[PDB]
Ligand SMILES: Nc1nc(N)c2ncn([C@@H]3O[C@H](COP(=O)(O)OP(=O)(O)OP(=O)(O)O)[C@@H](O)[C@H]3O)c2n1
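A single chain comes next, written as structure tokens; it is the form deposited without the ligand.
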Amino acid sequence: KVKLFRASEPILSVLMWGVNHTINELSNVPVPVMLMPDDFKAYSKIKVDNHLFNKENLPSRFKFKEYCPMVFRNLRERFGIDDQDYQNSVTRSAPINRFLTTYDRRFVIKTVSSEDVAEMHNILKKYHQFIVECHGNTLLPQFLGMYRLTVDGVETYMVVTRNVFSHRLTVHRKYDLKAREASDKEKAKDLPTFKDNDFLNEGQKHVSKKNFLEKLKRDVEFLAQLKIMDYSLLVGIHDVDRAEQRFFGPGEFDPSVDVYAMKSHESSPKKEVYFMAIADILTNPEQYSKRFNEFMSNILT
């Protein structure tokens, strides 16, 4: 129960130290009756300078900045994520291999750019109000936190989302969906990221579609009102039988944790679990929406 912050790179240690520090600080901050406009222009900044102290895993000097901590904490709640669990997932052991997941595979940690953080600030109020209005049920990425790490004078920005894939069920094939297809090198990768054409070709498909579609619609409409585009539908495929070849039954999962998961219908060829959510809304659009919205509807049932 002693949290060393041991990690491969020091920046990951700082991240671990950071999430720990801020989540603890928040536990002393009252949950407010509503977010306020300043909450969206707020930050926490902490600077550490430790001389001859506690430098076994942490750098002696580093900065850690959390953007809009009241907003992201509310988002956490609206996504049904407990702060202490969020903290544990980041903090209990180093994140694993810019794109990481927490060791328990529940949360993804993505390095991003100055402008991305700008774009997020740009959409945050609306994104929030929408998560409110849609009562949390949505295929959009779920933003759990956003941070700036300063290590060795270098700034690094990170965004934490909920993993689209199960944290336990092994994924057997990945499709990026918006003309485009998979490259040789990639087609020669342990887990290849296929694209639209490799899908219609593979005749790949089997369900929920009614509620997935009415959900996905509202989303893309939202992304249009924000004049965003060029984003994909990440689709995951877990082949139950394959995985099979004191128990953890095949195709078994906690829908409250693997939030994007749907089991295959009865009349489905091979028993599968699907993972689907919208990814990368951060960086004709009004048409991208209607186009995207239908290319997807043709991959269900």
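We number the residues from 1 along the sequence you see.
Beyond what is shown, the protein has a form deposited with the ligand bound; the following relates to that form.
Taken together, the three residues 65, 117 and 122 all lie with some non-hydrogen atom within 4.5 angstroms of the ligand in the deposited bound form.
Using a 4.5 angstroms limit between non-hydrogen atoms, residue 128 is distant from the ligand in the deposited bound form. Heavy atoms of residue 155 reach within 4.5 Å of the ligand in the deposited bound form, making it an interface residue. In the deposited bound form, the ligand sits beyond 4.5 Å of every heavy atom of residue 206. Mapping the unseen interface onto this chain, residue 148 counts among the residues with a heavy atom inside 4.5 Å of the ligand in the deposited bound form. Partner contacts here mean any heavy atom within 4.5 Å of the ligand in the deposited bound form, and among 65-73, 264-272, 250-258, 26-34 they occur only in 65-73.
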